[PDB]
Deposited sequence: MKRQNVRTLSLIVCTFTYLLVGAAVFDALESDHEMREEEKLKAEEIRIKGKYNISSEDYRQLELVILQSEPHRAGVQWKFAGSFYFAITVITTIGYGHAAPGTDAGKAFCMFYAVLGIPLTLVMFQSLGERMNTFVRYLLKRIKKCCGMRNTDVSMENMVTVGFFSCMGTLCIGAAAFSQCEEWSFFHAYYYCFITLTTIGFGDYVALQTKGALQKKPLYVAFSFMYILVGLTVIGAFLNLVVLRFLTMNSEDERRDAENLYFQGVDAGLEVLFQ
């Protein structure tokens, strides 16, 4: 029927899109990865030869450095750290900066995600619908001061998303001393609920305990961006669901 053809076309398009993306990523990153591997191997060989580090103890050093990486950012299991971890868990971001080390903690986190994900999704959907209604009212009032079409709403939503992304990128560049492009990329990754973890905020000079205002601003910005993303998805994507 129509549904079978539609889902077959969707699967074929997804597979072709995946193949194209894999080919492009390989062609763009193979040489860079090879050069980085060669340089890192040369540097580590030089350091090992200079310091005469034993081969057995090198693995211990690697394990210690890997395990102590989060601990270099301060205390990540305080009230602020636990709140940040819970926010990442409920939003399905998965930064990976801090992870539970106890089986009971892992089970509690699993139950927490199970009981919290649908609630967060419903709240975000309701907030996005309310924001869309408010934006429609504002646009109607502005047009009266100067009927609304779907293209106008789509353009307004896209402009709002771009403005929010630019504001977040500028704020993160000013705060964390990051590049504008890097801040924009990190903001896009955070707002898409992907969570690569390469760039994580509130991880410098113990900002989680000495800058409560910065933590509050980051939480508010994350919530606002998630609400805007949900509203945009409802406006453009949800119409094709049912």
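Visitor: List in ascending order the stretches of the deposited sequence, numbered from 1, that lack C-alpha coordinates.
Guide: Those parts of the chain that were deposited but carry no coordinates are 1, 148-152, 249-275.
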